[PDB]
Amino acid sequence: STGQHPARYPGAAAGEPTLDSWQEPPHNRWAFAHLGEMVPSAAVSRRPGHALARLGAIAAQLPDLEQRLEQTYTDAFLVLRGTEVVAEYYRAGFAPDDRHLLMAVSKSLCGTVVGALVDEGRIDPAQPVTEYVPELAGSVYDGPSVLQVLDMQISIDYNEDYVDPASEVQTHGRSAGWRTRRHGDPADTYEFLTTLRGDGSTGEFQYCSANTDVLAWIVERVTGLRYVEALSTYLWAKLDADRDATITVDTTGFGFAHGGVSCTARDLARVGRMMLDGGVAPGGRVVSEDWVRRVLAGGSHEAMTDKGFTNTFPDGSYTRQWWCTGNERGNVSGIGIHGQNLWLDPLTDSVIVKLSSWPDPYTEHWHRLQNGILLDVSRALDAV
C-alpha cells in the first residue's frame, strides 16, 4: 500500500474516477469540467507558418544566432533582461503563446514548491523521507534525508537511460501513463517508487528522476493538496502568468513532477525572474532569500562526479533540483532532455529560456551546442 493520497476531487474515493467510472455520479460533476485529466484531448483553435525572429540587440554580437537555434532544433527561445523581453524566437508552426513540454526543467519547479514548504517549516530537509512518507520504508528512500533527495545524492538501482527500451526510465513512464502499460507493471507512480532499491550509500550525485516524484509525494503528504494544485498554489498562481501551465497525470491524478510540465516560454521566464528577485514574484513571495541564495551557491562539488557535466563545467555541482555550472558567471540552470533550459545569468540580471526538440534525449553533441549558445548569449548581455 502507498497510503493516503489527495482525492481527485472533494470526497472522492481512493483512485476515483477511473477511465471506466468518470461518467458515473458523483465523479461526473468533476470529470465533465476536467475531461482532459482523464482522456487525451486536442485543442480546437479559436484563431483562424513561418519562424518569428526578433533577436534584435544580441544580433549584432551573434549574427548567426538564428541558424544556431535552428541547428539545435529550437522551438521557442526568449531572453528576459531585468523585466524586459529583449530577444525572442519561435520556429515556424509554434506560436509565441503555445506551450512546450519542459521535461526535467519540471524538477526545478518541484524543488521550488519544496522550498516554499521549507520556509513555512512544514518540511525539514534534515529529516528522513520516511518522516513524511512512511510507506517508502523498505525502499531505497528508507534512510536518506529529504535534502539528499533534493540534491540527487542517493545511490539507486535505476538506469536513467532515455533510449534503452528496457531501462527503469521506461518502467517509470509505463507506471505513470507516458508509455503503454504492461501486465505486472506498477499501477501508478507511487507504487513504482516503492519498488526502487539501492546499495544504501549516499553522498555522491546520481541523477534519478524518481527523486523528484518522491519530493512531490512529500509535498502532497505535508499539504494535503494534489501536487497539481500545490504547484499552482505555491508557484504558478503567484507568477502573474499569461497562461495556465499543464502537467501530465497518472491514473490516480498524480502529476508527473519530474518531467511532465508544459508552459509558454515567456511564462517559464517568470520563474527565472522570481529566482533573480530573491524569491519574490508579483503575487507574493514564493521562496525565501536564503533558499535562492543556496541554489545560486551550488551543491558539494565533490559529490558531482558526472564526467560529462564536469568536462564542460569543472567546478559544477547540483542542488535543490538545479544544475550549477560553477563557472565564472555563476550560471545555474534547470535542464531537460531534448534541449530544455531555464538558464539564469545573475551577472546581467537575465533569464534565458530555450525550449527545443533535439532528435536525441541527450548526447555530448547537443550538450556542447546548447551550452555554447546559452553562454554566448549570456556574454552578449554584458556591459561593454
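One-based numbering along the sequence shown.
For this session: With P48 and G49 adjacent in the shown sequence, let me know how many deposited residues between them lack coordinates: none, 1 to 3, 4 to 9, or 10 or more.
Result: The entry leaves 4 to 9 residues without coordinates here.
For this session: Take the C-alpha B-factors listed in the entry for 30-38 and for 62-70, compute each mean, and give the stretch with the larger one.
Result: The stretch with the larger average C-alpha B-factor is 62-70.
Problem set entry | Entry-level comparison of average CA B-factors, 286-294 and 206-214, reporting the higher stretch | Per the PDB record, 286-294.
Exercise. For the listed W178, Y234, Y89, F254, which has the peak Cα B-factor recorded in the PDB entry?
Worked result: Comparing C-alpha B-factors across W178, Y234, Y89, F254, the maximum falls on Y89.
For this session: Specify which of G138, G115, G259, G173 carries the largest Cα B factor in the deposited PDB entry.
Result: Of the candidates given, the C-alpha B-factor peaks at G138.
Exercise. Looking at the C-alpha B-factor of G56, is it in the lowest, middle or highest third of its chain?
Worked result: As the PDB entry reports it, the C-alpha B-factor of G56 lands in the highest third of its chain.
For this session: Within this chain's modelled residues, let me know which third the CA B factor of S167 belongs to: lowest, middle or highest.
Result: CA B-factor rank for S167: highest third.
Exercise. Would the CA B-factor of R226 place it in the lowest, middle or highest third of its chain?
Worked result: It belongs to the lowest third of the chain when residues are ordered by C-alpha B-factor.
Problem set entry | Position of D142 among the chain's modelled residues by C-alpha B-factor, lowest, middle or highest third | Highest third - that is where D142 ends up once the chain's C-alpha B-factors are sorted.
Exercise. Which third of the chain holds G111 when residues are ordered by C-alpha B factor: lowest, middle or highest?
Worked result: Lowest third, going by the recorded CA B-factors of the chain.
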